[PDB]
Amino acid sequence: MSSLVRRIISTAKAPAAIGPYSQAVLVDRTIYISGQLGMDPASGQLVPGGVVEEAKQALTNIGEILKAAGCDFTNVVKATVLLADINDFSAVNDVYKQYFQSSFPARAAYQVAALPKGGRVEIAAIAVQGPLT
């Protein structure tokens, strides 16, 4: 009946919350990361340029949340890729692969009906705090 560590992860290097959620929660060694839209952290607005630029921004935001938790992309074990349009699958895959360079996470990827703020992509993730063997 040990008391397990639970910590809210919060960094100004990622966007402010637009609803009642934390950027991520660390509990024991597992980090649950909220869905990230392609919002610029300074302004909270979706970056221009459509799905490719939004995907890059979403992943960069995930990277800053990971870093705040003492992690990097190699600590990610599962990701969820929500698309506004299934036709963008190939383009989003090519962006995604540039960040998750090895030990590729488990994943689910599919088209939803609509995302907050009219986003074209939103990515959530689960990570495990290192060290990992």
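Sequential numbering from 1, following the sequence displayed.
Legend: mean Cα B-factor per stretch from the PDB entry, 64-72 versus 83-91; the higher mean is in 83-91. Looking at mean Cα B-factors across 110-118 and 21-29, the upper value is held by 110-118. Of all the options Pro105, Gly35, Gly38, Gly44, the entry's greatest CA B-factor is assigned to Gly44. Compared with the other modelled residues of the chain, the Cα B-factor recorded for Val77 ranks in the lowest third. In the PDB entry, a CA B factor belonging to the lowest third of its chain's modelled residues is recorded for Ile8. For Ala55, the recorded CA temperature factor ranks within the middle third of the chain's modelled residues.
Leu132: CA B factor lies in the middle third for its chain, per the PDB record.
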